[PDB]
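As structure tokens, the next two blocks hold two forms of the same chain, structure 1 and structure 2.
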Structure 1
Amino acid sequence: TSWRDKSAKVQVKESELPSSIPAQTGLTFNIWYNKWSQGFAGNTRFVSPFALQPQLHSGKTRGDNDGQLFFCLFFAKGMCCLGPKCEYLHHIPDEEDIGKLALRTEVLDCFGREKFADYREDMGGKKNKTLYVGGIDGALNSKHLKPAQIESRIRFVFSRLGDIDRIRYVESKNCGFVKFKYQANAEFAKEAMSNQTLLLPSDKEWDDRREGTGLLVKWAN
């Protein structure tokens, strides 16, 4: 069923989230989120207990009916408690959405925040659409998988987040590179896949997925 033909699913209960829930573009979002992350055990990047399931979760929100052009950051991370009440969009950014955003802004990402490029230090190397995906082995709890299997999992989880230009898994570096057709999908996928497991419900290790190390997802250089 098309996301257009349903209302967005509530992903978590508000009571599951830490208090002082911030606006996604708000002053304290990173303080709050970093605190959330640091609250987990132990030393490597936490494995988020929440995840976006695009087919299951995507749907209409009040945002769709209220002229909203920007996407819900909590939704991308699998942790929006609002569902159809949300005033931000709950679907995977598409060509239409992106066209409207282009008329609306040059300086904001798909979540309405300042684009990375406008404040980050350019280490050196025009619309970056490529993500570096690191710590693949750790996101699988060191499960013994082969490159064909590993590549299929990276492809599966990222391709459901937007049209893919190219994906590469690089065994020797324990990493992957995912290039989206559109910058908006890269922006969205980066937030969606950060700290995610790459285990699947069918894996023997699934119940112990928290004991891995969440994926590292950065802009590729």
Structure 2
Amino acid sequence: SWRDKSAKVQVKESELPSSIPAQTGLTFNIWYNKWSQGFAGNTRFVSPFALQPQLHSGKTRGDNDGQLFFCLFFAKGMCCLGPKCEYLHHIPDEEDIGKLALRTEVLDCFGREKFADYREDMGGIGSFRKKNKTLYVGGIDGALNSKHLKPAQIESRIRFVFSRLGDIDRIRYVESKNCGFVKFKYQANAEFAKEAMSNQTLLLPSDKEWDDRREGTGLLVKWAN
């Protein structure tokens, strides 16, 4: 269990761009976009950083301070703080989901304002965004490095990878569209998995293609419409 462990340092401060910002505001986006734009090319880069749920998860300062929000850097495999982090470094489970559902309505599992293209009538947040638990997952073939897997094996692969970030409700893979849909049982996991799987490979250390995973293209993960 993560509860008996201290969160591991994922990266050294020096492996990251200078001026590491807070995770809650739009400065994170500016910072992350600048980093994202340093990867040359028209196509989505495969991130050099990845969350390893079993290896990385553990207690942080947040667990002692009664923090409810998870670390955005942790989700992306980009946290240098480890046990020093004020935010949670584990996969959101029932306890966390329960706590979050009582504390806030307007903020996601990372403590960022939930964004919708529209607001409700006086005037919370967009109703569809509010209840959405389903992620659009695009560019599957690129994230596998064009590894030849059958549609059913691709479903199994997506299920296996996303299942490590929360309980799965439903998986659909559409071959003709090179895309899938991952519905989580809980929104918090969908929010977490969205940030965790952006620009990620679908390959596993068990594949012979694993070492060449950055030759492919990173996953596109968005909310489904």
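Only the largest set of C-alpha atoms that superpose within 1.5 Å between the two forms is called the rigid core. Residue numbering: structure 1 sequence, from 1.
> Superpose the two forms on their rigid core, then report whether the C-alpha of residue 21 is displaced by 2 angstroms or more between the two structures.
Residue 21: C-alpha displaced by less than 2 Å between the two structures.
> Does residue 200 move its CA by 2 angstroms or more between the two structures when the core is aligned?
Yes: residue 200 shifts by at least 2 Å between the two structures.
> Does residue 118 show a Cα shift reaching 2 Å between the two structures after rigid-core superposition?
After core superposition, the displacement of the residue 118 C-alpha between the two structures reaches the 2 Å mark, so yes.
> Give me the C-alpha shift of residue 171 between the two structures, core superposed, in Å.
C-alpha shift for residue 171: 1.1 Å.
> Quote the shift of the Cα of residue 148 between the two structures to one decimal place in Å, the two forms being superposed on the rigid core.
A shift of 3.0 Å.
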